[PDB]
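What follows is a single structure, and I will ask about it in a moment.
Naming follows writing order (A, B, C, D, E, F, G, H, I, J, K and L), and every chain is counted from residue 1.
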Amino acid sequence: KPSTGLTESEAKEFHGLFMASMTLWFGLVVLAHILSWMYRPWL
Amino acid sequence: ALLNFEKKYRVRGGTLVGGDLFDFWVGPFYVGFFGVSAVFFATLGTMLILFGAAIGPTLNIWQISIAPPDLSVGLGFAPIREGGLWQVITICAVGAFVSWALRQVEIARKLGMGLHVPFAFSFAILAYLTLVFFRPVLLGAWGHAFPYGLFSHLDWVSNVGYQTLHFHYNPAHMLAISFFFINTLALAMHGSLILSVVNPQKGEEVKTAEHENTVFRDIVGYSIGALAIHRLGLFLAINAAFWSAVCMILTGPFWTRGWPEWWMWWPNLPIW
Amino acid sequence: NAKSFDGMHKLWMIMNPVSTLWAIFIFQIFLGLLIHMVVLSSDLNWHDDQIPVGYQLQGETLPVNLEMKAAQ
Amino acid sequence: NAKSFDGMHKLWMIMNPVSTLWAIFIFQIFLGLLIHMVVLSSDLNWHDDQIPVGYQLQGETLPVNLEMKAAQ
Amino acid sequence: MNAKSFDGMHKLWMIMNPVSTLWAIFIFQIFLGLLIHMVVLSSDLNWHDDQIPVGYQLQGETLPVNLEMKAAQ
Amino acid sequence: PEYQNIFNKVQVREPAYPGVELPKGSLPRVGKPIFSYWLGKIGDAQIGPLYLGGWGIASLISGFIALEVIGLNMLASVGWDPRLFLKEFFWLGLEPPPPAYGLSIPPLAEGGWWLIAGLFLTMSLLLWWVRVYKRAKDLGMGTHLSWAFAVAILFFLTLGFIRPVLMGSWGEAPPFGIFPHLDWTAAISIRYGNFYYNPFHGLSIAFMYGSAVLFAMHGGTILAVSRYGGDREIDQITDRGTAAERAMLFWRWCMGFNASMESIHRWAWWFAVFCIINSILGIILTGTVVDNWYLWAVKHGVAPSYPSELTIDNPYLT
Amino acid sequence: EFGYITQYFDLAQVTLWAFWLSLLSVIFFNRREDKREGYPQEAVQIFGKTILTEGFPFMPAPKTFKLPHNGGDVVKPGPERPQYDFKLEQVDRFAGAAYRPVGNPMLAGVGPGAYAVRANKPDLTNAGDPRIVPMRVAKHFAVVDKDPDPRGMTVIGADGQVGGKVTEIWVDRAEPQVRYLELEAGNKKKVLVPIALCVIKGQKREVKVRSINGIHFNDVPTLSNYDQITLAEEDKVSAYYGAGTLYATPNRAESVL
Amino acid sequence: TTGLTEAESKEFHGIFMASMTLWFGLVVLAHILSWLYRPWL
Amino acid sequence: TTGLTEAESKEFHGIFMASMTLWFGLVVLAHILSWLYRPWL
Amino acid sequence: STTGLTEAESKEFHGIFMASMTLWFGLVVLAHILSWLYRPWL
Amino acid sequence: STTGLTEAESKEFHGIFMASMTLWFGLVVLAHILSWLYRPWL
Amino acid sequence: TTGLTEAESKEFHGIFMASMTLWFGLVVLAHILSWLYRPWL
């Protein structure tokens, strides 16, 4: 059976920070697209 | 991931440039100085091919084309949109190919073996350099080399061939084709023989070296041997590459008529 | 027809979950790229259709560019 | 006979279940791609038929694009 | 005899492997299915391009909206 | 430098080896084995003995009848002069029937000798097939060499018998010469619009290039670990030593994946056979299904489109 | 009309698809045959734990080789014999770092000096006799004149020093050819050297062995019985000579430029 | 030769014949529909 | 031959048949929609 | 078991797998409704 | 005994082989009668 | 393992963030100059 050696506490910690980082990245993406739509609308 | 037996062979040393700074693995790959170089140049070349497709008329995979300069540029430097992009990419390509060969040399030194594979790769590299460097220099212009595009380098091959009316009668071309054909035949026979000896008729034991010799002596009357067929293989492939390079360095620089007219030296010998 | 899919979870006793996850993710990305490229190569293409306006043509007819092309 | 197929469940005592499952899934995906490509190459094609409207043609005849192309 | 002559037929599976035979039959049937469909599609009996019950590309070329756009050009 | 293992520096002789014992009921082997010093510099020095049974004699009668016919017609084409034969040898040939004769049997000096030579060469190759099969099977080995040989025979019969019959003319087949068969190659490309736009031709070229690549790679790798006993592949397969381990680490580190000492031979087998399979598929469709490969490639979105700048007037339209 | 089109779908198209699918499927089967040696592989995890992984596609089901002369069955993929006892220190603290040998590098069995653990039986001929044997046990062999007989020559060792003298030739009866040279070393032991690591000069009457140094010929592994060699011993001997390509001189593992 | 006894062979044969009959029935039905839609002879 | 007992085979068969029936149901539904939109015969 | 998972672990994995797949398909449906509103293709 | 079959086993096999071949040839004849009725070729 | 303890990681992180911030500052300055010289949007 495949395991990673992380306990459940370590996995919870990693998950917290992973989700925060992904949310911040997607926020920046949305902002870039709002600027691009204001400048050069494509649809 | 490592194989069952891999860990005891992953030691340090054996390098050419760099030293202990680039001596690591990333996954299964070994990196080194030349690994960094190769990936750098491959990435840059690929991205420039893609950009040259972006400024063209289509992004269809079959119809992309980046062309060399005109013949009036000579051996100079062409504008970016009319040939200079081709020159930058053809510098990246050389960098990547040579890096590949030297990385191979580092790996073989670490594992304790001979340098036969990078040496055989050198002849492919030599054929490429003949087509992009040596022949253009002898004829006096970069615009004698081929464009980068599937389907578009084939138009080059076709028209260059018909610049001599019938390119089949080129002598070094005949010799190279002979080697190519014989190489495919030999590879089929070698593959078949080893498979046949370790996968015998149902309910039999694995056969031996005596069986390998006997079968070909029965069919044909001569058997070359288990170590000499590997030699014969290296030989046929290298010779194919070599005579291709010769046949292209002959066409244009040393012969400008039709290729059938060269052969005329034979029936004009004063001995029949 | 209410109890016929009961033991379905025992799928994971013969298929490795991690391998399956990786396979699914890779297949989905490949299919995403493929369908986008198939639709971009048809009449439904949305980057080159010049809607809501053509931008290269818009740049060719700016008054400054027109006046510079005139004096030539 | 209606009761001809009673031992049928014993099929999985001679045929491997996991390999068969994988084979079925892969074959179905390959067949899906193939039939979609065969129908797209015929008169029944639904991406390029310009129904319910042609969009490239629609973009070429917008009044703004027409007025810009006239100024040239 | 003409009715009792196929009695020992079930012993066929004592000399032919059943699993190999099943797989061979299935694979052959799939190959033949693909082949016959392709052979019939390449004849006058073709049913995808016969434009029955209607031609759809031709139907798209003569829609009033497409015709009115092509007239303005 | 270090010894490269390309030539044998020291040679040794023992009495000749007659061969593994055959099943009872077999014919003896013919010939007394001789040794070649020059062949021994690069490989095995023994020549012979040879096995001639029922199928390998019928073959060799067929083949030599065919060769006599081909040679004599080439010689009649210069007026029986052997001096001219040697002088113009690469330009001579035996030519197929004129295409207007269709599939009938033409008179002997207008294509019938071509037909005779083709029939006898065919029979020769099928008898040789049976010989190769039986020779490998009587020693108890797998018959993998017969499968590849069958593929090659099929390509010889496709261009030559099957395609000419499907077209309706024997005059669509190659002649027996050197420059004549090169001319046939060029002409069939010119007539059916550019073989570079035939996709099966592109795929077989992919696999011919790949055969050369793969066999350079394999020949190199086994000569490079022959210091650890790597040239003895059967033992490295049934008891993996350090030669196989180093051989597979080299490729794993270099390009990220590897084969084993037995699997690389399956890659070889397939790369040599797909070349010819695509050869058959590309020739069998030319003329019978597709009439212009360039127009086909244009219809399916494959050919590039150079800029024009000019207008040329087709004088048949004027 | 030069490029008129009648119908888009044709046979060449379908056949090309069929080929794309027939390739793409021999790749599958060959890649599965590739994994009968060395698998399952060992993946190192985030904090050092190692698991066995198997790749894509998965490993095949085991097949059996039946060896001749009651040489046993070999199942593949199957079990493995245990590694011996190599000692190694990692150089940098990450899974992809390299390793250094701990003791004397020549006598450590790591790096180019590693070897495999094979059977302790000799390789056999088709008749049941041992395959690699000295030329006094095989009484029918002879060196072809026209070729330098190496018996008697000296074994200069890559730094100019003398290693010993050649006293025997070891031949291969299944395919007649030379495989090993036997020599008496400086401390009067009998050691072997593979013929593919020897440059033989007939006129100088020397054998140059570029791999190891002259004093290094005293520590080459020895054989049990000198009338035959086993698979294990072949591996040990060859590996010792291969360790010298990187460990003989302290400057050999040290970046040319 | 296959390791099956005579009882196992009888069992396999029963189910094999039933399955083949059902398959051929479906084939006949497909052809009747095709003849009704697009007769070819 | 496959290591499955008769109970395990019965279990697998149950779920296999259920899944295949559901899949064919979805196929039929797709074809009814396609016939309503673009009839091909 | 040939995956090493017990029956409890399999039940757990199955629960979360089905939830995730349902959410993914929901997002796909939403994307297609938007595309139909913008550029209908049938 | 070259094939390992005794004489009884050979008799059995021969019985069923001949029956099967006869049935096959019967079906062939029937197919040709139908074809002659539909599209005579001589 | 990467072998770094928590103190070494803290140290590395400090210097890494400082360096990245300085680099991005220089990038912003280059773009302001380029916009002043040759505006592209």
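Rule of thumb we're sticking to: a residue touches a chain if its C-beta (ideal position, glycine included) is under 8 Å from a C-beta of that chain, and two chains touch if they have at least 3 such contacts.
For the criterion of most C-beta pairs in contact, the winning chain pair is B-F. Averaging C-alpha coordinates per chain and comparing to chain D, the farthest chain turns out to be G.
As for how the two copies chain C and chain D face one another, under half of their interface residue numbers coincide. Computed from the mean C-alpha positions, the centre of chain B lies at a distance of 22 Å from the centre of chain F.
If you average the CA atoms of chain B and of chain I, the two centres end up 50 Å from each other. Annotation: 39 Å between the Cα-based centres of chain J and chain L. Rounded to whole angstrom units, the spacing between the C-alpha centres of chain B and chain K is 58.
Chain L has no residue in contact with two or more other chains. The set of chain D residues that touch two or more partner chains comprises 8, 14-15, 17, 38, 42, 44, 46-47, 50-52, 54-55, 58, 60. The set of chain G residues that touch two or more partner chains comprises 8-9, 11, 13-14, 38, 47-48, 53, 65, 67, 92, 94, 114, 116, 126, 175, 242. Taken together, the chain A residues at the contact with chain C in this complex read 2, 40-43.
Partner chain J is touched in their complex by these residues of chain A: 1, 43.
For chain D in complex with chain J, the residues that touch the partner chain are 46-47, 51-52, 55. Taken together, the chain I residues at the contact with chain E in this complex read 1, 38-41. Residues 12, 15-16, 19-20 of chain K are the ones that touch chain E when the two sit in their complex.
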